[PDB]
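Peer 1: Take this structure, written in structure tokens, and hold onto it; I'll ask about it next.
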Protein chains: 4
Amino acid sequence: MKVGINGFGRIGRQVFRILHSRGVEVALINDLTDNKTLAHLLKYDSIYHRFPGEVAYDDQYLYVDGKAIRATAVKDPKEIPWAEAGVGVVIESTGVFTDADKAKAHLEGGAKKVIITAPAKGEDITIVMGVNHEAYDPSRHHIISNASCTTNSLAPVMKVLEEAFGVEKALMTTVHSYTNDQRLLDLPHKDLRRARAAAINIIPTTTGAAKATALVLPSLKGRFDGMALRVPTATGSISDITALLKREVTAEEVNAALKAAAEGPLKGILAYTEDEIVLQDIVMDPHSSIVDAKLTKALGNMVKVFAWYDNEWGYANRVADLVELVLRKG
Amino acid sequence: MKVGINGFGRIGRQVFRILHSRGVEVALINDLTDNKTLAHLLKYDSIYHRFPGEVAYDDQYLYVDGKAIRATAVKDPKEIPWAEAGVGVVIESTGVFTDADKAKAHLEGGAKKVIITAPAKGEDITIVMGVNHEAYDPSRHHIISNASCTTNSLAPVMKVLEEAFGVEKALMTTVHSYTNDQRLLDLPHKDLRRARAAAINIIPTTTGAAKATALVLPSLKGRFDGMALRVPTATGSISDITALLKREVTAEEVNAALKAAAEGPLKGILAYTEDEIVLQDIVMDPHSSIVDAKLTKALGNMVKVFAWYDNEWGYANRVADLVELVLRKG
Amino acid sequence: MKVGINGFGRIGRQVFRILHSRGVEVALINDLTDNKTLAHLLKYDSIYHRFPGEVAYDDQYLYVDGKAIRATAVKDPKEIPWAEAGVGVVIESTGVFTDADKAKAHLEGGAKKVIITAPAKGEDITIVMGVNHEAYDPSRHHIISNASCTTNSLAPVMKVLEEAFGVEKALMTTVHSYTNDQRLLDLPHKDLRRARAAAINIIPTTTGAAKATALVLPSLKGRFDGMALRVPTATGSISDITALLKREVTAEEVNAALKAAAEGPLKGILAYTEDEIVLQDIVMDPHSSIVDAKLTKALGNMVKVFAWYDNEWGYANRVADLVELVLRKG
Amino acid sequence: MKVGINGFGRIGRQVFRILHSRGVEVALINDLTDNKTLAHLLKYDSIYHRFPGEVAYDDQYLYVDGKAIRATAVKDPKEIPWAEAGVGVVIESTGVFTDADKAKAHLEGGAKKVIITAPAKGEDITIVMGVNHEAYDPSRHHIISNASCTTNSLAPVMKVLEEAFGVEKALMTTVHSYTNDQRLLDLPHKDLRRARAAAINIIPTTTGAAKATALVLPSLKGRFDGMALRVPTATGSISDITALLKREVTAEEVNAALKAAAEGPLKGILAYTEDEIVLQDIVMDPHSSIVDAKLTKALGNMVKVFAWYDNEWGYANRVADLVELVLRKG
Ligand SMILES: NC(=O)c1ccc[n+]([C@@H]2O[C@H](COP(=O)([O-])OP(=O)(O)OC[C@H]3O[C@@H](n4cnc5c(N)ncnc54)[C@H](O)[C@@H]3O)[C@@H](O)[C@H]2O)c1
Ligand SMILES: NC(=O)c1ccc[n+]([C@@H]2O[C@H](COP(=O)([O-])OP(=O)(O)OC[C@H]3O[C@@H](n4cnc5c(N)ncnc54)[C@H](O)[C@@H]3O)[C@@H](O)[C@H]2O)c1
Ligand SMILES: NC(=O)c1ccc[n+]([C@@H]2O[C@H](COP(=O)([O-])OP(=O)(O)OC[C@H]3O[C@@H](n4cnc5c(N)ncnc54)[C@H](O)[C@@H]3O)[C@@H](O)[C@H]2O)c1
Ligand SMILES: NC(=O)c1ccc[n+]([C@@H]2O[C@H](COP(=O)([O-])OP(=O)(O)OC[C@H]3O[C@@H](n4cnc5c(N)ncnc54)[C@H](O)[C@@H]3O)[C@@H](O)[C@H]2O)c1
């Protein structure tokens with residue numbers, strides 16, 4: 001079965017670049033605009049820059065490195081011709097069909113599996129790769145959430161802290177690049193904070209990411225919450241976790257546990273560095289979570305860990321990983 | 001007749017602030033959001049900061065310094081009850097009804113005059129205060145345009161150059177803050193350059209402002225064109241005019257003519273400074289066009305003149321001026 | 001005694017604006033540049049905009065609303081003739097004389113008191129207004145630190161939490177506007193993080209501000225630390241405090257304690273809001289610490305509190321308050 | 001002769017990356033900081049991102065892919081040990097030795113050639129590659145200037161216009177990313193405009209780049225001037241040239257002449273595109289000047305041409321080209 005993308009946006013386009021680079025063929029791309037515009041946005045990217053290959057188009061297809069990909073502008077997911085293009089797995093990256101009752105419309109068009117690139121409601125399962133991907137059951141799990149970028153940044157760290165030390169409870173903040181949910185200048189929005197000019201403000205906004213970590217690490221249920229602060233950067237984020245552990249530790253012990261995890265069982269998901277880096281250094285990093293070791297603090301059993309993540313590229317790599325897992329399992 | 005605003009956006013809200021400060025009663029504000037949100041946006045502004053007064057609201061009204069203003073969320077302009085609010089002049093600042101055939105819908109609800117806060121299609125006349133406001137005729141002109149921010153920046157300077165020296169031809173660029181037409185991150189847009197992340201790019205885009213200037217100053221027909229470059233600032237712009245004149249001049253002579261106009265016949269429209277200023281210094285300046293004298297260059301008959309403008313506040317002051325003209329004329 | 005300023009920078013100039021508005025006479029301003037430049041920088045400010053008054057200069061003086069202020073460019077503080085200008089209290093805001101042994105150079109020129117506008121080493125006392133200003137002893141305390149902007153944001157909140165609930169320990173992060181210590185583009189710096197382009201990065205950096213809060217609240221000694229994240233905003237910051245308290249609390253109780261303190265004993269120092277604000281809304285706020293009530297979280301005895309602060313204007317208001325206290329006490 | 005770099009800054013480091021990729025050996029790098037910092041700044045770049053190879057250091061050397069490069073911190077050019085490292089060609093990229101009298105100090109350290117990466121005074125020749133590099137005479141030209149980034153953007157376009165149509169005179173503006181000469185927040189500067197916060201302003205500033213174009217195209221002497229507007233982008237610029245030609249032309253003819261030159265005699269120096277691009281699309285482009293064809297305008301004999309350039313990477317490629325020319329000539 002082939003792969004399809006609904007919503008060729010920031011996440012959809014990076015997921016495409018990654019799948020394409022891995023040889024996983026996407027057969028249909030659907031959005032709301034014409035193919036000239038889809039091609040143009042793929043070709044030129046303000047963050048990741050020129051597509052490393054050839055991009056062309058006509059009224060029916062995008063042509064990427066000589067490969068024809070059907071490309072359409074069908075607003076209602078029930079009407080997307082997935083079956084005709086041979087698509088069995090749909091990446092749902094529009095942002096408007098995160099309710100499973102709406103995302104299931106892709107099955108009417110002949111899809112077998114939908115991966116929602118966001119927190120969902122009513123999904124069969126939420127997966128964070130490296131943390132609970134072994135819980136995926138291909139016979140029962142058809143509408144699947146890959147969680148949020150922030151949850152993917154948190155869960156690997158929290159898994160390590162729980163397994164090495166035990167976690168009584170924790171709170172976090174993510175200091176996070178702006179995204180297309182926000183506003184360029186002050187403008188009506190359902191969230192009166194996100195209404196405000198994004199590139200000249202620090203903007204507090206509610207996040208379900210810490211609560212949602214309990215979906216993949218049930219030990220955190222009812223004892224993990226947090227906040228987001230959106231700041232004037234275009235991609236790249238950092239999670240600042242303050243945890244109360246079940247024993248007293250040093251910063252060095254916390255770092256050693258995270259390093260061991262990054263080099264071993266969580267390799268490719270969790271990364272670890274002791275370099276004095278900044279945001280631009282993690283742009284286009286494929287990891288979910290990049291521990292910045294020099295920032296770790298400990299006051300007995302109370303610790304502070306920082307983990308960077310490129311909220312576009314890192315997360316998109318996880319969507320691609322999940323697509324490959326779903327394909328592997330049938 | 002009372003005044004009404006359709007589109008309580010960046011321009012609509014600043015025009016409201018200005019009219020309120022002048023004692024001009026706005027009796028109805030219409031947008032697409034609830035009154036909590038309208039009140040919030042008025043109260044807290046990322047550029048002009050806290051509204052100088054009390055703002056409150058309920059389901060039917062905004063309350064500003066005690067005074068009740070009907071506040072609604074009616075998507076179709078034909079259905080706004082301007083008549084019941086006593087509104088005769090509508091400020092059309094949504095950005096989606098710049099075609100006079102659509103803006104005329106306000107007359108169905110009982111308005112007598114519509115001021116479109118943008119370049120228009122099919123309007124009765126386009127007015128630039130200080131340049132052709134005497135052409136406004138209340139017996140002929142009912143749907144009128146106040147032109148663009150850029151046209152209002154250019155026309156006062158071009159008037160002076162034409163009258164003092166004569167203009168053979170001219171080209172211009174405006175280096176211009178981003179606006180809400182643009183995108184925060186790369187996203188589909190009808191204009192493939194405006195599709196791109198606004199706060200991390202210089203973005204070329206087409207402008208009709210020079211051609212529009214050549215109509216309010218008709219002697220320049222076919223002799224004036226230009227371009228815009230959108231850059232990462234939140235408000236404030238500068239026009240860079242290169243003109244071939246009908247004789248040799250000096251920079252000093254050009255500056256003297258502009259200063260004379262600013263101090264006399266174009267006072268309140270054209271300003272003049274010799275200070276070494278930058279963008280932040282012209283934020284909330286009420287002028288249409290602010291000549292930066294130290295930037296003026298001349299090579300014989302070829303000159304270069306720079307004029308700043310706050311594309312929100314300055315333009316909003318001109319809308320308010322046009323509103324007061326229209327009210328005065330009946 | 002009259003007041004002098006050494007270092008007419010971001011803090012020095014705002015302190016001047018504030019003292020001038022309060023009628024406190026500044027008799028000498030010293031920097032490294034000429035009076036034309038000092039006058040220009042006071043007149044035009046990229047954040048606080050046009051100085052509300054007339055500014056002029058000559059080779060020996062700045063003139064503010066017609067009042068002459070001696071203005072010089074003397075690099076060695078031992079050579080500034082404070083006593084000749086009648087100056088007894090020096091505001092030391094250069095950033096390079098925060099070691100008390102260096103700040104004492106002002107005493108050679110006849111000053112009696114030096115207020116270092118930063119954390120210091122070897123000072124007689126560090127004061128945070130509203131927290132320990134009553135500890136000031138005019139007979140013995142001559143070299144005084146007003147602490148950092150961040151310490152001033154933290155100490156009022158920590159005082160309230162200790163007094164209402166008891167604080168076992170705490171960690172914090174400040175998400176903080178860039179400052180002139182940082183680099184516009186990647187450039188050598190003693191801090192490899194601060195070496196990096198400030199306006200296109202989130203930049204972690206060490207802060208002593210939580211540890212230094214123990215200077216004014218000794219109960220926190222060995223029990224409070226944190227981190228800074230510098231982000232692309234030009235002024236305005238927020239402190240994110242995670243505290244372990246001595247009993248279980250609700251977010252409502254934490255907010256009520258902070259509101260009571262803001263409305264009572266800490267009025268003018270600590271503020272409290274329930275509005276959904278963003279950074280631009282706290283620019284030019286005079287408070288040290290502005291609790292954002294809707295962001296408060298509690299999980300049993302672990303709480304999370306956010307306090308905004310304008311790192312320039314708020315802090316400058318505290319410097320001015322301390323200046324007035326020192327003058328009052330003799 | 002081997003190559004040396006004095007001033008391992010924005011230009012110095014990119015020139016290093018480019019020479020390294022070309023297999024041109026750099027044998028000494030001098031700056032004002034320690035080798036840890038030089039290695040760190042090479043390794044991690046906020047624009048061009050991770051150095052594509054291994055970087056290490058000790059007290060005496062940097063190591064790039066295992067190759068040892070002497071690395072020192074000698075403030076006085078006369079004292080740099082160029083002779084011991086076998087260096088015959090010094091890239092002078094500190095910004096403080098653009099006067100040939102000071103730059104000549106490298107020759108008494110054993111160097112034979114100095115390429116000043118900026119406009120110079122007293123130099124033996126100023127070269128813009130593609131325009132007058134054939135004038136380089138190795139027997140007489142010791143101290144060589146590679147001109148400014150802006151001059152390199154202008155001269156290729158002006159050469160084409162003169163040769164195809166004839167140029168009577170011209171004026172230009174460059175809309176230009178901020179650079180390390182500028183200030184992060186308002187701070188004293190010799191240039192009162194450049195004193196101002198760079199990332200929240202449009203900042204007009206003088207440029208000698210159009211006048212300096214006459215050094216390589218003498219027909220433009222006294223007939224070409226312009227201005228710069230510094231805007232909040234971290235690299236990437238665009239030149240906006242308004243030229244009066246010696247006959248009437250269309251935009252199509254102008255574009256055809258620029259395309260022919262880009263595809264033929266000026267290949268690798270001048271590029272030509274008809275794509276609808278923005279600043280991020282030209283970051284890390286190696287060309288001096290990239291014509292944006294869709295922006296070209298003509299009114300009779302008055303034309304307007306826009307040419308993009310990465311002021312770091314493009315210019316650094318020209319420094320590398322000139323180094324290779326100087327090496328080839330002996
Ligand atoms: N950007 C991030 O950092 C990030 C990270 C992880 C997850 N996500 C989630 O991924 C989803 C997409 O986010 P994004 O940032 O890529 O958004 P985006 O706004 O950049 O892209 C959304 C795309 O969906 C298209 N679209 C909207 N409605 C459609 C419809 N009915 N049919 C087809 N196409 C439609 C839009 O035209 C646009 O191209 C959201 O759920 C978001 O929460 C975003
Ligand atoms: N921002 C500037 O610099 C500037 C300057 C001069 C002119 N203008 C023009 O003014 C107009 C408004 O621009 P803006 O920047 O304020 O835009 P904006 O996007 O900030 O505001 C538009 C407002 O219109 C509302 N709206 C949209 N559709 C509506 C509808 N059908 N009914 C009622 N309300 C609706 C939106 O909710 C929003 O609040 C545009 O035509 C723009 O081109 C803008
Ligand atoms: N900016 C903030 O947010 C902030 C807040 C609280 C405290 N502070 C502290 O206040 C001090 C100043 O900070 P700033 O942001 O105003 O810095 P700044 O760089 O804006 O200003 C420093 C001023 O001192 C002048 N100066 C330097 N050396 C001098 C000397 N030898 N003699 C006279 N003048 C000299 C400089 O020319 C400049 O005008 C620092 O200690 C800083 O840590 C800053
Ligand atoms: N950045 C651009 O866009 C650009 C483009 C073309 C030319 N230039 C020119 O290249 C030169 C460097 O510009 P930049 O942007 O790389 O500047 P930069 O400030 O980034 O780098 C300058 C480097 O020189 C070092 N330095 C200063 N004095 C020194 C000394 N005495 N000895 C050794 N090293 C010293 C500094 O430590 C720094 O690392 C300037 O002349 C500039 O005008 C810059």
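Residue numbering restarts at 1 in every chain; chains get A, B, ... in the order shown in the structure tokens, and ligands count up from 1 in that same order.
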Within 7 Å of chain D, which residues of chain C show up when using only C-alpha atoms, listed as a PyMOL selection string?
Peer 2: chain C and resi 9+33+37+46+179-180+183-188+196-197+199
Peer 1: Check stretch 74-241 of chain C with DSSP on the backbone and list each residue it calls strand (DSSP E or B), as a PyMOL selection string.
Peer 2: chain C and resi 87-92+99+113-116+121+125-126+143-145+167-177+183+197+203-205+224-231+237-241
Peer 1: I'd like the neighbourhood of residue A:245 as a list in words, where a residue qualifies if any of its atoms comes within 9 Å (using only C-alpha atoms), though same-chain residues fewer than 2 positions away should be ignored.
Peer 2: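 Using only C-alpha atoms, the neighbours found are residues 161, 162, 165, 166, 167, 168, 169, 170, 243, 247, 248, 249, 300, 301, 302 and 303 of chain A.
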Peer 1: Write out as number ranges by chain each polymer residue (protein, DNA or RNA) that has an atom no more than 9 Å from ligand 4, with only C-alpha atoms and all ligand atoms counted.
Peer 2: C: 185-188; D: 6-14, 29-33, 38, 72-77, 92-98, 116-120, 146-150, 176-181, 235-237, 310-316
Peer 1: Give me, as a list in words, all polymer residues having an atom no more than 10 Å from stretch 273-275 of chain C, counting only C-alpha atoms and skipping those fewer than 5 positions away in the same chain.
Peer 2: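 Listing them by chain and then by number gives residues 192 and 193 of chain A; 40 and 44 of chain B; 255, 258, 259, 262, 290, 291, 292, 293, 294, 295 and 307 of chain C.
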Peer 1: Let's have the selection written as a PDB file, in the first residue's frame, with N, CA, C and O atoms.
Peer 2:
ATOM      1  N   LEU A 192      -6.893  34.263  22.956  1.00  0.00           N
ATOM      2  CA  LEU A 192      -6.595  35.694  22.965  1.00  0.00           C
ATOM      3  C   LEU A 192      -5.100  36.012  23.070  1.00  0.00           C
ATOM      4  O   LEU A 192      -4.704  37.127  22.777  1.00  0.00           O
ATOM      5  N   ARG A 193      -4.289  35.053  23.509  1.00  0.00           N
ATOM      6  CA  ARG A 193      -2.832  35.206  23.502  1.00  0.00           C
ATOM      7  C   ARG A 193      -2.269  34.981  22.100  1.00  0.00           C
ATOM      8  O   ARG A 193      -1.441  35.761  21.631  1.00  0.00           O
TER       9      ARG A 193
ATOM     10  N   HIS B  40     -10.916  43.079  23.741  1.00  0.00           N
ATOM     11  CA  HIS B  40      -9.550  42.698  24.097  1.00  0.00           C
ATOM     12  C   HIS B  40      -8.529  43.258  23.126  1.00  0.00           C
ATOM     13  O   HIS B  40      -7.488  43.786  23.533  1.00  0.00           O
ATOM     14  N   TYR B  44      -5.567  46.045  24.277  1.00  0.00           N
ATOM     15  CA  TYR B  44      -4.151  45.696  24.230  1.00  0.00           C
ATOM     16  C   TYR B  44      -3.679  45.636  22.788  1.00  0.00           C
ATOM     17  O   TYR B  44      -4.133  44.816  22.001  1.00  0.00           O
TER      18      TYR B  44
ATOM     19  N   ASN C 255      -2.493  32.248  43.794  1.00  0.00           N
ATOM     20  CA  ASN C 255      -2.907  33.512  43.192  1.00  0.00           C
ATOM     21  C   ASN C 255      -3.468  34.496  44.212  1.00  0.00           C
ATOM     22  O   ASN C 255      -3.156  35.677  44.160  1.00  0.00           O
ATOM     23  N   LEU C 258      -0.660  36.151  46.163  1.00  0.00           N
ATOM     24  CA  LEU C 258       0.068  37.105  45.321  1.00  0.00           C
ATOM     25  C   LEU C 258      -0.751  38.368  45.089  1.00  0.00           C
ATOM     26  O   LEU C 258      -0.224  39.481  45.185  1.00  0.00           O
ATOM     27  N   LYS C 259      -2.049  38.209  44.846  1.00  0.00           N
ATOM     28  CA  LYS C 259      -2.940  39.355  44.660  1.00  0.00           C
ATOM     29  C   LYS C 259      -2.994  40.208  45.929  1.00  0.00           C
ATOM     30  O   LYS C 259      -2.943  41.439  45.850  1.00  0.00           O
ATOM     31  N   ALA C 262       0.186  42.167  46.215  1.00  0.00           N
ATOM     32  CA  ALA C 262       0.236  43.203  45.179  1.00  0.00           C
ATOM     33  C   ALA C 262      -0.655  44.396  45.534  1.00  0.00           C
ATOM     34  O   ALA C 262      -0.313  45.545  45.261  1.00  0.00           O
ATOM     35  N   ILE C 290       5.229  41.047  37.732  1.00  0.00           N
ATOM     36  CA  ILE C 290       3.821  41.138  37.354  1.00  0.00           C
ATOM     37  C   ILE C 290       3.281  39.722  37.210  1.00  0.00           C
ATOM     38  O   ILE C 290       3.514  39.046  36.207  1.00  0.00           O
ATOM     39  N   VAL C 291       2.564  39.261  38.221  1.00  0.00           N
ATOM     40  CA  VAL C 291       2.049  37.895  38.222  1.00  0.00           C
ATOM     41  C   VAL C 291       0.955  37.726  37.171  1.00  0.00           C
ATOM     42  O   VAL C 291      -0.010  38.488  37.132  1.00  0.00           O
ATOM     43  N   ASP C 292       1.123  36.711  36.332  1.00  0.00           N
ATOM     44  CA  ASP C 292       0.164  36.355  35.299  1.00  0.00           C
ATOM     45  C   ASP C 292      -0.678  35.213  35.862  1.00  0.00           C
ATOM     46  O   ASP C 292      -0.306  34.043  35.803  1.00  0.00           O
ATOM     47  N   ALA C 293      -1.818  35.558  36.439  1.00  0.00           N
ATOM     48  CA  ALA C 293      -2.556  34.619  37.289  1.00  0.00           C
ATOM     49  C   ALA C 293      -3.076  33.394  36.545  1.00  0.00           C
ATOM     50  O   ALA C 293      -3.131  32.303  37.110  1.00  0.00           O
ATOM     51  N   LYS C 294      -3.441  33.562  35.281  1.00  0.00           N
ATOM     52  CA  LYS C 294      -4.016  32.464  34.509  1.00  0.00           C
ATOM     53  C   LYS C 294      -2.999  31.367  34.185  1.00  0.00           C
ATOM     54  O   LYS C 294      -3.394  30.259  33.792  1.00  0.00           O
ATOM     55  N   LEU C 295      -1.716  31.656  34.382  1.00  0.00           N
ATOM     56  CA  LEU C 295      -0.656  30.684  34.124  1.00  0.00           C
ATOM     57  C   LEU C 295      -0.274  29.863  35.347  1.00  0.00           C
ATOM     58  O   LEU C 295       0.474  28.898  35.215  1.00  0.00           O
ATOM     59  N   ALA C 307       5.928  35.465  36.346  1.00  0.00           N
ATOM     60  CA  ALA C 307       5.919  36.896  36.601  1.00  0.00           C
ATOM     61  C   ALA C 307       6.650  37.622  35.483  1.00  0.00           C
ATOM     62  O   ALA C 307       7.839  37.410  35.271  1.00  0.00           O
TER      63      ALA C 307
END
Peer 1: Which of stretch 200-267 of chain B counts as alpha helix (DSSP H) under DSSP, as a VMD selection string please?
Peer 2: chain B and resid 209 to 216 251 to 263
Peer 1: Write a file of the just-selected residues containing N, CA and C atoms, as a PDB file, in the first residue's frame.
Peer 2:
ATOM      1  N   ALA B 209       0.790  51.494  -6.340  1.00  0.00           N
ATOM      2  CA  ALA B 209       0.735  52.795  -5.656  1.00  0.00           C
ATOM      3  C   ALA B 209       1.279  53.937  -6.501  1.00  0.00           C
ATOM      4  N   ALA B 210       2.284  53.656  -7.324  1.00  0.00           N
ATOM      5  CA  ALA B 210       2.846  54.695  -8.182  1.00  0.00           C
ATOM      6  C   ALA B 210       1.882  55.016  -9.319  1.00  0.00           C
ATOM      7  N   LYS B 211       1.285  53.996  -9.922  1.00  0.00           N
ATOM      8  CA  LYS B 211       0.272  54.245 -10.949  1.00  0.00           C
ATOM      9  C   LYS B 211      -0.928  54.982 -10.366  1.00  0.00           C
ATOM     10  N   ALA B 212      -1.305  54.646  -9.131  1.00  0.00           N
ATOM     11  CA  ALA B 212      -2.436  55.313  -8.465  1.00  0.00           C
ATOM     12  C   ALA B 212      -2.133  56.779  -8.159  1.00  0.00           C
ATOM     13  N   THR B 213      -0.873  57.074  -7.837  1.00  0.00           N
ATOM     14  CA  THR B 213      -0.405  58.440  -7.663  1.00  0.00           C
ATOM     15  C   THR B 213      -0.513  59.241  -8.957  1.00  0.00           C
ATOM     16  N   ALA B 214      -0.260  58.570 -10.074  1.00  0.00           N
ATOM     17  CA  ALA B 214      -0.280  59.199 -11.393  1.00  0.00           C
ATOM     18  C   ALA B 214      -1.699  59.474 -11.881  1.00  0.00           C
ATOM     19  N   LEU B 215      -2.698  59.089 -11.087  1.00  0.00           N
ATOM     20  CA  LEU B 215      -4.092  59.449 -11.326  1.00  0.00           C
ATOM     21  C   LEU B 215      -4.553  60.596 -10.419  1.00  0.00           C
ATOM     22  N   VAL B 216      -4.207  60.573  -9.127  1.00  0.00           N
ATOM     23  CA  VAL B 216      -4.552  61.718  -8.258  1.00  0.00           C
ATOM     24  C   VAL B 216      -3.754  62.959  -8.665  1.00  0.00           C
ATOM     25  N   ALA B 251      20.191  68.627  -4.184  1.00  0.00           N
ATOM     26  CA  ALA B 251      19.483  68.039  -3.055  1.00  0.00           C
ATOM     27  C   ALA B 251      18.908  69.108  -2.137  1.00  0.00           C
ATOM     28  N   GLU B 252      19.670  70.171  -1.901  1.00  0.00           N
ATOM     29  CA  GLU B 252      19.240  71.231  -0.998  1.00  0.00           C
ATOM     30  C   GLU B 252      17.986  71.927  -1.521  1.00  0.00           C
ATOM     31  N   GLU B 253      17.911  72.122  -2.832  1.00  0.00           N
ATOM     32  CA  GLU B 253      16.789  72.813  -3.443  1.00  0.00           C
ATOM     33  C   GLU B 253      15.536  71.955  -3.341  1.00  0.00           C
ATOM     34  N   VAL B 254      15.705  70.656  -3.556  1.00  0.00           N
ATOM     35  CA  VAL B 254      14.601  69.703  -3.449  1.00  0.00           C
ATOM     36  C   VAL B 254      14.087  69.689  -2.005  1.00  0.00           C
ATOM     37  N   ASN B 255      15.009  69.612  -1.050  1.00  0.00           N
ATOM     38  CA  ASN B 255      14.653  69.596   0.363  1.00  0.00           C
ATOM     39  C   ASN B 255      13.928  70.875   0.770  1.00  0.00           C
ATOM     40  N   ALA B 256      14.392  72.005   0.255  1.00  0.00           N
ATOM     41  CA  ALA B 256      13.780  73.295   0.569  1.00  0.00           C
ATOM     42  C   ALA B 256      12.342  73.350   0.078  1.00  0.00           C
ATOM     43  N   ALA B 257      12.089  72.785  -1.098  1.00  0.00           N
ATOM     44  CA  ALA B 257      10.728  72.773  -1.641  1.00  0.00           C
ATOM     45  C   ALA B 257       9.826  71.888  -0.792  1.00  0.00           C
ATOM     46  N   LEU B 258      10.349  70.744  -0.362  1.00  0.00           N
ATOM     47  CA  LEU B 258       9.574  69.827   0.467  1.00  0.00           C
ATOM     48  C   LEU B 258       9.302  70.416   1.854  1.00  0.00           C
ATOM     49  N   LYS B 259      10.296  71.087   2.429  1.00  0.00           N
ATOM     50  CA  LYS B 259      10.143  71.727   3.726  1.00  0.00           C
ATOM     51  C   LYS B 259       9.088  72.831   3.635  1.00  0.00           C
ATOM     52  N   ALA B 260       9.130  73.611   2.560  1.00  0.00           N
ATOM     53  CA  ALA B 260       8.175  74.714   2.378  1.00  0.00           C
ATOM     54  C   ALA B 260       6.741  74.194   2.324  1.00  0.00           C
ATOM     55  N   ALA B 261       6.538  73.096   1.601  1.00  0.00           N
ATOM     56  CA  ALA B 261       5.225  72.473   1.490  1.00  0.00           C
ATOM     57  C   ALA B 261       4.765  71.912   2.823  1.00  0.00           C
ATOM     58  N   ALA B 262       5.681  71.275   3.543  1.00  0.00           N
ATOM     59  CA  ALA B 262       5.385  70.680   4.840  1.00  0.00           C
ATOM     60  C   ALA B 262       4.978  71.737   5.856  1.00  0.00           C
ATOM     61  N   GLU B 263       5.583  72.919   5.756  1.00  0.00           N
ATOM     62  CA  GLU B 263       5.370  73.980   6.736  1.00  0.00           C
ATOM     63  C   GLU B 263       4.158  74.820   6.390  1.00  0.00           C
TER      64      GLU B 263
END
Peer 1: Fewer than 2 positions away in the same chain doesn't count, so skip those; otherwise give me all residues within 12 Å of residue B:53, counting only C-alpha atoms, as an MDAnalysis selection string.
Peer 2: chainID B and resid 17 20:21 39 42:44 49:51 55:56 63:67
Peer 1: Could you please determine the separation between atom CA of residue C:277 and atom CA of residue B:71 in Å, to one decimal place?
Peer 2: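 For atom CA of residue C:277 relative to atom CA of residue B:71, the distance reads 22.7 Å.
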Peer 1: Residues within 10 Å of residue A:81, please, as a ChimeraX atom specification. Count only C-alpha atoms; anything in the same chain fewer than 4 positions from it doesn't count.
Peer 2: /A:28,30,70,72,74,77,85-87,106,108-111
